[PDB]
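As written, the chains take the letters A, B, C, D, E, F, G and H, and residue 1 is the first residue of each chain.
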Amino acid sequence: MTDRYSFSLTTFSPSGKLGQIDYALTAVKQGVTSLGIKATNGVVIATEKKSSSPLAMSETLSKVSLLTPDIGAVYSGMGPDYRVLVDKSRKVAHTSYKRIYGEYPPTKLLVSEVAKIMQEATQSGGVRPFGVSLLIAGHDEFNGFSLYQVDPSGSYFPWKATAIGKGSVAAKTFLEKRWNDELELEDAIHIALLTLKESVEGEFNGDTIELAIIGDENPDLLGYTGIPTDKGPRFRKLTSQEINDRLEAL
Amino acid sequence: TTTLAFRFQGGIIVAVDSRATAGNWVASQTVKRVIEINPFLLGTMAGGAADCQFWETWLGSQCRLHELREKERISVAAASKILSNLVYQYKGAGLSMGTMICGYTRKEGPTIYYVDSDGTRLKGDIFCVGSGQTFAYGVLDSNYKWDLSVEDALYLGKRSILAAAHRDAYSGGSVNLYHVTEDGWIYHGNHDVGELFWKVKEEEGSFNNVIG
Amino acid sequence: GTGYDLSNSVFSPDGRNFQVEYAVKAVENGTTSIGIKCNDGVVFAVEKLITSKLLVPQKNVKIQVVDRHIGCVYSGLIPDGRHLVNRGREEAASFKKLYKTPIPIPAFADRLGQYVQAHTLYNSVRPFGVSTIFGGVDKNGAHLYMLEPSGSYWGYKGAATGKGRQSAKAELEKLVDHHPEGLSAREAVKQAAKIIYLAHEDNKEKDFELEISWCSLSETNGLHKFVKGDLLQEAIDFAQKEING
Amino acid sequence: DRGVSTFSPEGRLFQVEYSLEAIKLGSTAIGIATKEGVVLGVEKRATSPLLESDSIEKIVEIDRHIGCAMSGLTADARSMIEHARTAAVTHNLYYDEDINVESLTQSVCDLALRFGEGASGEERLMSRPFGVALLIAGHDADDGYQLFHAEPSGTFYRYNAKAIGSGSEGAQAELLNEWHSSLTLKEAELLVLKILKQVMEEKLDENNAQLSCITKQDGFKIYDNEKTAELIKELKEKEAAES
Amino acid sequence: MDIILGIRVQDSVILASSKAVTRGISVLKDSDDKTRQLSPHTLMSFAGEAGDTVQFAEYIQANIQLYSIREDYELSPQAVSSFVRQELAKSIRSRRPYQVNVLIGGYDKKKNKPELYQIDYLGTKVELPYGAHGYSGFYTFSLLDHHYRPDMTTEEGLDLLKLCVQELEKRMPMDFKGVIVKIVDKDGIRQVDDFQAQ
Amino acid sequence: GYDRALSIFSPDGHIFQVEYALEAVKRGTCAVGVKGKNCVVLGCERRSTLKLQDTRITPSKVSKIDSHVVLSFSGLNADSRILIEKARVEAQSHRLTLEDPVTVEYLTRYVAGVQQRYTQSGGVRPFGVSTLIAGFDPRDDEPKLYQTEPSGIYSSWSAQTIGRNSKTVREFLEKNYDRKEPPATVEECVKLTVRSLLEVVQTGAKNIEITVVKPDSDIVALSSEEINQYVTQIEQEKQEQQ
Amino acid sequence: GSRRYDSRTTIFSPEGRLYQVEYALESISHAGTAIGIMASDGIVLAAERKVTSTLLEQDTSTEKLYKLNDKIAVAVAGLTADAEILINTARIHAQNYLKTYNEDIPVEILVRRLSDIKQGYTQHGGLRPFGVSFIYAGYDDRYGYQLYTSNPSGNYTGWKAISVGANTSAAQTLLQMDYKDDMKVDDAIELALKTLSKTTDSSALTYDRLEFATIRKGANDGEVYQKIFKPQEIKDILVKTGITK
Amino acid sequence: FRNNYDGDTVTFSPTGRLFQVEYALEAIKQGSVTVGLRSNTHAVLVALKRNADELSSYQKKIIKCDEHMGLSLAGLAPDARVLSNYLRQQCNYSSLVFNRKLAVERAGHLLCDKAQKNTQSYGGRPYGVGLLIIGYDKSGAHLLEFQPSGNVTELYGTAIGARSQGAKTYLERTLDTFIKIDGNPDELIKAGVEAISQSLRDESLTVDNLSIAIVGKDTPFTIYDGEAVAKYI
């Protein structure tokens, strides 16, 4: 029963450290390579979706989740932690902006919500943080195209381009040069493929790579095959076939 | 039921009727009409029976507690307001209370507060409550005089009651008289209306100035 | 002293916390109870230990009813047994009111069972430490079930437990094997008495009082009853016959 | 540190015993019950020449015929004193008559056990039981004058005399010889102070003692300081004339 | 009702509040201050039921006085009014509403101007030079709009209020026995103990 | 969890939390109250060597609970604010229910109960601040000065000092003030308080803050300037022996 | 057991202040600086941005500068996470006060609610305190400009120039010396920019490695107009002072 | 070691006894001795009242709980009080609701559950008290022994409190005589005063502060105190 662990399970020291967090930050590094590029001409996200057994399918595994029709998220760390936090992140996005304010949430304000949950599960005793870091990419007319990281700390920051999981330091570096202010979405898909090629080989084919874009979309799936009220959501996630085809022209 | 209380030089005069009825036939000439909370506070019965009864013993618990704990004489001013504040909570709960909260403390002198189920608390020299009240008010008002002696004050009180007794049939079994002092209340006996009627009708010559 | 002996707010490296393991060990140094499944019923028997002449014969009873047709006896820690049964009652009554029928034995088993499991996933709520032999008859037959500390239960056809387990189980399997399942309910009473008498040989520094009951479809007419009078004298006779006397 | 379920070998929690030790370090309180009165004396104690008299509580009224003396911490007895007034007031509302000495005592001591996050039809939520014992005196029509000793461990004994303090040793032994079935109210007050001056290491005065008694003549009466001094002055003569 | 008037002169707020409670033939009580001083430059006058009045009054004075010490300065007439209305608007939904409709006569002592507020028992808020409660206004708005125009000294306000009260007692059948007059300014709250032509 | 063993007795009979509370008081500022018999003077230290702050954004040492009830403290700032909020709610509730302007003692009973409360029972930890609650009860010419502790005890006291240099100021009150015969002049009561806090603050009149309360709501806090003229006077009395 | 897995550290040290609280202060002194300067025709706030790189978005410097009101803004020293919870509650408290009394919250009134919660966080629950100190910048029409600070100890003071976060001693020392009360906004900025230089050791200091805001009287208000500078505006003022650093 | 099975209500042993049960058993002995004996028509409790201070006055420590029920204690008095409190409440609720008069076995079972809930949280506790409950219902006479360990046996005779073994050995011998003697009080009472005097070996026997309590067919619940125990010494 409750009421046995009502002391926090982060405490300070004169080095100011929070035990739980340092351990959890390490977990993010040990994830798979996931990256984000803002090309300032859209946003492109890519990650590796990979088997863990020879008879495990990868077409039942995604690391790309939709949070709302037009905000997408990607992560590195613990699989479970990501799904459970994602449910709660979904909850607030839908009930508190689409009913109250009648529209989709602004990214930065949704970045504030997701942070607050993670910081809260550290402040309250008896429970730990989530051992993940998420990259929340979204688009709005008001803010343009945007990209933030929210840490396991419940700290946030914006990042023009970043990578997390295994091969973090080198992946970000190569990217920074290849990242222009004014960058074409096709070239920005190649750079992502190219990076993930440097992390992994001997199991690197295009149908094990899952890439999603913020920019181009399909109106025909948003119920605007007929006359539109408006264009609608800008996120559309690629299928495997599209990914493989571009990998040949890499 | 007609009850009056007036403030004068000697303390407080409280005068009340008693009457219990089965029909219009006077079943008993008897029933309380001063609820003696403690010797320093009186609350007079002119409301619902149960309502008055329940809250006025409960008021006795708050007075006793305040003096036991805080070692301080409780005011009449405090007694009425504790009462009024609870009353407003039980308002529109079916409450019927008409009481006058009487005391004579060191720090205020004789103080009479009218308290009703509406939660109203008013300080006054003179309050009459009832339904023979307008007629009872007449006798009192036309012979009112603040500077008066306790004995003569008692006679005026009792004639006022009589006046209201004769016309209105919800009073007039008997009269109980009490004079409330500093050190506590002094009972001034129980007077039969039969014997009291013939003396007054002849004696007072008010509404009787040519005898009727 | 590892927090796998002071808390159950974790999983163990042995897949169970030490204190639950210990409950299983304390059932076995205890008192003997059996249960005999037969082709039309179930029979229960328990050994009641005599330590003084100050005890009264059959005015302390260990077999307690739930409903009117399910009989429960248990071995092990006395307080834990009261609490298990009190629960067993609340389920049984809720079932009768709500569905307008006496409760099935695989159903009844899932309800107690889930509650024994609950008290074994909290770091400060005591486990149970009784093994309960229980059963009765319903509208698709007789059933004998046995419930353990850990929340473990299966259906049995013969069951034994306690100090004299080894002996008891030996006689009991021989007889069950010999029979289609256990033969008649009536035959089974005597047999049951032999096992308990035989188990008592493993503890002769105390006396026993043989206590039997039964619950049989056409040999109690659906009810659970205590076994007494003639039927108890006969089982005694049979028992003292084989184990010499 | 120490659990709310961690016993000694004898069934008794650490925390319970430990309260009982702090009790004995308080101030001296002595009560003697006869069938002519119960006299209560306490040392009030002046903690400085600039501490004002009768601002420190050692003689409290539970009701107008009912008193208590305390020993231990003074704030810790306040939660008890509150509960005891409340019990008295309520019984009188409901039943229009007096609470018995026993009854009153039981009601406080049921709620002095407690502690921990337990419950069983009793609400327990304290971190500690109270650090204070109280000698609860009253007179009731049935049993007359009685004296009861309340332990905050949920334990209660009926008494005809008891002394507690750090001066307990001298005072209980003296009390046994001094005890009799009846003796006059004035002899009793004088005699109490005599016992107090003995276990006291310093000069006994009225700026560190307050007396009190309970009468059927006029209920709970604190026997005040001016009146008490004049008796202490007689004490000096009678005592240096046995010497 | 309880007849409650107000007039805002150039430096002050003069508020007129009945001095009697009349029960059939005779005045049962005739010493009636039907107004309560919140603060030395906040006054509120009242009409409604007799019981609501004092119960609200005392609750509200206590809250304001708590705010005055906590924040260490006297709360504006503006601060009190927004507070007063918001509590009344809630009460209507509940089983028991406070059924007092009010006139708050204040000196804004921080910018030096008098202000008069009529706030209804529901919560209907208005600022006015002069206002009245009930059926009063049919007759007395007809004298005040016609004979008065702003920027008239305090004494002229006294004479106008008496003419209004006389017409009410004559022609309207309600009976309230004149007015007891109180003036709210920077010098505080003063009783006008005359009502003879004032 | 946290509803238990914050507070328990030792077998030595000390309480942990109370014992570490009294230590915050000795460390903190200094407050003293001296009573006349028709005044009460409250003198306070506020000690800062850093000179880059004003008095009008640093909280005052004497806070009003009512116009005729004042509160002084020594200890943590944080904790003291909690206590102050209860005392204002208790002043206005008393005025409401008993219809009497407040008695100063009853208010002590409320602040003291809270202080007792978090010690006796878990789910809250105790305070680390001691207070002086002083004022005038209505219809009294007689001054009231009280002390309440984290224990939750209280008692009434003729002059009393807490905080840094309790010993020094104590000796001074023992040898220069009496319970029996105090100052009878307002002036002499001011002189005495300044004399006591001057020996300990180790600054002029620019870090002693005097507030004098004469009967029923009459409060004037003398300024740095006014205190200095007595400070001069004091150096003159002391140069009759130097 | 698990009643002894309690940390018991939100109780007092003998040092007159809780363990966790004292340790937390250290944490602040290891995160970003905030500097608060109160002027006689403004309030100037400077903060040095912790990590600045191309991989970050450099055009954002509201990462620690939030306006709570129309005329109140705060500066953060501590961690983002810790901050956010108090920011949101101060914002609501502003709106409760506004709504009740029809007037904006005074700077000390606002400070005092935040500080009573910070204390609260250790006072109820046993949970850990914050790791944030604010320096509050605001105007009120009863005292002129007010500039305050609160810490997770719940002690607050007002100052005419203060620094919190790392390098408190160094910055405070310089501030006390150059301070005047005839300074203007522009004289303060110059001053601010000198101090910041002397605490940072570099070849050069760039405009995107700073977060800056000043709250001046303005020329579109008799109130106070809050100007939140962004990198490119930091670049301009750096020319204007002619202080390249 | 100690700290594993002490305060920890959630733990077990291979043996099934924790330290908290063995201390509880010792606590019963540190109260005064009280003996029980019954026939089939009466049940008796003989209990010694011996003060624990010099000045202390004798008070009842056998408590009548209902017309057909009571208990005597041995062990810890607060622990004894809470249970007695719950049992008086329980007695009422059965009488109003079901008109049910309790047999000892039923109450007992209730009693085990109560202790059991408090040995499933650290904030509650186990007890430190044994009780001998007598009652006469329509199944004859009864005497029960209640233990904090939840072992309830209804017995003809027992003793709990210090020095139990004097009395037990006598009680097992005079067993056969006493159980067949029905409708006669005085012999069973007298025999109880003899039993309890074998429990004592070095501790006084008081001839006016002994208290004997009886229930039965012809006896509603009476405690004989003072004078009225004389003719059974």
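Definition applied: contacts are C-beta pairs under 8 Å (C-beta built on N, C-alpha and C of every residue); 3 or more make two chains touch, one makes a residue touch a chain.
Just so we're on the same page, UniProt names per chain: A = Proteasome subunit alpha type-2; B = Proteasome subunit beta type-5; C = Probable proteasome subunit alpha type-7; D = Proteasome subunit alpha type-5; E = Proteasome subunit beta type-4; F = Proteasome subunit alpha type-4; G = Proteasome subunit alpha type-3; H = Proteasome subunit alpha type-6.
> Pretend subunit F isn't there and tell me which chains still hang together through touching.
Contact components excluding subunit F, positions unchanged: one piece.
> Looking only at C-beta pairs that count as contacts, which pair of chains has more of them, B-F or B-E?
B-E
> Approximately how many whole Å separate the CA-defined centres of subunit F and subunit G?
33
> From the mean C-alpha coordinate of subunit E to that of subunit G, what's the distance rounded to whole Å?
48
> Using CA atom averages as chain centres, what separation in Å is found between subunit E and subunit F?
The mean C-alpha positions of subunit E and subunit F differ by 43 Å.
> As a quick test, compute the distance in whole Å between the mean CA positions of subunit C and subunit E.
85
> Would you pick out the residues of subunit H that each touch at least 2 other chains?
Subunit H, residues with two or more chain partners: 7-10, 121-123.
> Tell me, which residues of subunit E touch at least two other chains?
Residue numbers touching two or more other chains: none in subunit E.
> Give the residues of subunit A touching no fewer than two other chains, as numbers and ranges.
1, 3-7, in rising order.
> Write out the stretch or stretches of subunit G touching subunit H in their complex.
Of all residues in subunit G, those touching subunit H are 1-3.
> Where on subunit C does subunit A make contact in their complex?
Going through subunit C, the ones touching subunit A are 9, 122-125.
> Touching subunit G in the complex: which residues of subunit F?
1-2, 4-6, 16-17, 20-21, 23-24, 27-28, 50-54, 56-59, 76-79, 81-82, 85, 123-125, 128
> Once bound in the complex, which stretches of subunit B touch subunit D?
Residues in contact with subunit D: 57-58, 60-61, 64-65, 68-69.
> Which positions of subunit H touch subunit G when the two form their complex?
Result: residues 7-8, 10, 122 of subunit H touch subunit G.
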